[PDB]
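The chain that follows stands alone, in the form deposited in one PDB entry, written as structure tokens.
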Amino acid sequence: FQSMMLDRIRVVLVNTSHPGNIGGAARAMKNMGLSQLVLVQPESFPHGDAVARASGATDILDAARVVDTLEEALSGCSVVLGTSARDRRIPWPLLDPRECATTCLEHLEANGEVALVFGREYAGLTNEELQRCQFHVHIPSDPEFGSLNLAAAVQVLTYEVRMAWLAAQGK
């Protein structure tokens, strides 16, 4: 039942450009106990580079749901949290990954379904896409430098989820 809670976190990758990042995201999810991958218009999928980077997490790629729109990806979700490479200081406040993990686990209560949405490598999420997320998540990084790699960003968020999930069990 504790492990099954993590099955209800849907990782949504929006219009991923590099197939290697899809595999890297699948590996990061598998390493943390997550399994539900959804791809919105992936540029190149399936692809040998996604299999290669998955390094054993090919099961996640095999069960991945490929959809045309973010709206279809989010169907049935209780709450949606998004992370994008483009996030200007206008509309909403940003959660850090630790607070994102807390939000995720509380929303998994009572059979809740949580979506963790990741934007395109450079282009992030569009304004329309961002409006579909009730929470916006930002990984604190050096503001002088570049965005985190997509698979690295999935690893950070999922790692925080696991840490919070382990702490609740006294583990």
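Start at 1 with the first residue shown and count on from there. Between two forms, the rigid core is the largest collection of C-alphas that superpose within 1.5 Å.
Beyond the structure shown, there is the form deposited in another entry, which is absent from this document and is the topic of what follows.
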Taking the rigid core as the superposition reference, indicate whether the CA of residue 87 shifts 2 angstroms or more between the shown form and the other one. yes
Closer or farther: how do the Cα atoms of residue 90 and residue 70 compare in the other form relative to this form, given a change of at least 3 Å? closer
Shorter or longer C-alpha distance for residue 73 and residue 90 in the other form, given it differs from this form by 3 Å or more? closer
